[PDB]
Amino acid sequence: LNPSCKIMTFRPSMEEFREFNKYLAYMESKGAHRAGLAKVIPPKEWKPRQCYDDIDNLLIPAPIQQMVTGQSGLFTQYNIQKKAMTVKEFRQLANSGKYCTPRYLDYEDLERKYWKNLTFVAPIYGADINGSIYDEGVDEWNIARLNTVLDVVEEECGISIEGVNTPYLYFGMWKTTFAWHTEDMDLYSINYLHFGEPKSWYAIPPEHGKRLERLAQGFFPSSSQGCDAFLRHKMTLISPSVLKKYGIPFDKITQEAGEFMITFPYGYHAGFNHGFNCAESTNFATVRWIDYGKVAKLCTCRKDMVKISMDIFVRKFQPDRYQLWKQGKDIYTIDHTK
């Protein structure tokens, strides 16, 4: 039930861990989704990759330098594309004096430093690199092929998932930002931190997502006027100090190497990397997602954006509502706790 809607951390045994789909159903039976985000720490014997040394040779084709403007907990960001580099070169840069993690006492002290130094040196991120770095034959929690209902309709019904169910690699350095968002089509996500420094996350319960949008609309009117779903551009930064002051509930947690974070449908989240690191992620869905997909508010203002047709999901998994929905009369309010 999780009535505080606080972020839960799961420590499965190996036997609990083996089957992702089953373990996710279990997390939801304990109210994990109410917080919009959850942590799963695998048992210590499980290693998706024996040795990471080879990853030094991976090319980062399109590093992004993040240019953040604003103050007092409210910022907007834009990107400058930089020359390709290897992971090795990226790590050497991240670890330099100009880019390295500052001295800090504890995670709370580092958090204060992130919010206070955002508009000084511009950090550089490698994101959205296609690929997984799990060894071959690792069959548990394999981000490249989780086999959820997205894969079912893609594979059995020929429906296009627009590449959101394929693996992406992210290489962080100190201060790199992931700005407030929900996933494409308000899907689930999963994020494994392979190695390196931690990533801090913020999350807002899906039941308060519309409250967050209302506040963002008030503090960023020009952005709002330009696009109905402007937070989907992932360029909007809003500090925990501002959320607290305007009564938006949220929680924070720090993800360490070897841990998974899972985001739930319509769970707004943001965060920052503590230092050099490597993470792998993808989007997925369950039957409970379908009602969120059907009402997901989409980016109007650039033709590139991800749109997945919901028809097949409704026809297959909500056959009693299909007709009604095809008539534009399947109107409901989501219960985010159920």
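Numbers for residues come from their place in the sequence shown, where the first is 1.
> If you average the CA temperature factors over each stretch, which comes out higher, 182-190 or 133-141?
Replying inline: Here the higher of the two C-alpha B-factor means belongs to 133-141.
>> Quick check: 144-152 versus 107-115, which has the larger average CA B-factor in the record?
In response: Stretch with the higher mean C-alpha B-factor: 144-152.
> For the listed 211, 199, 82, 175, which has the peak Cα B-factor recorded in the PDB entry?
Replying inline: If I rank 211, 199, 82, 175 by C-alpha B-factor, first place goes to 82.
>> According to the Cα B-factor stored in this entry, which of the following is highest: 255, 263, 76, 86?
In response: Comparing C-alpha B-factors across 255, 263, 76, 86, the maximum falls on 86.
>> Looking at the temperature factor on the CA atom of residue 291, which third of the chain's modelled residues does it land in?
In response: Its C-alpha B-factor, which the entry lists for residue 291, ranks in the lowest third among residues of this chain.
> What third of its chain, lowest, middle or highest, does the C-alpha temperature factor of residue 36 fall into?
Replying inline: Answer is lowest: the recorded C-alpha B-factor places it there.
> Comparing residue 65 with the other modelled residues of its chain, is its CA B-factor in the lowest, middle or highest third?
Replying inline: Residue 65: CA B-factor falls in the middle third of its chain.
> If you rank the chain by CA B-factor, which third does residue 101 end up in: lowest, middle or highest?
Replying inline: Lowest third - that is where residue 101 ends up once the chain's C-alpha B-factors are sorted.
>> Quick check for you: using the entry's CA B-factors within this chain, is residue 30 in the lowest, middle or highest third?
In response: Middle third of the chain for residue 30's C-alpha B-factor.
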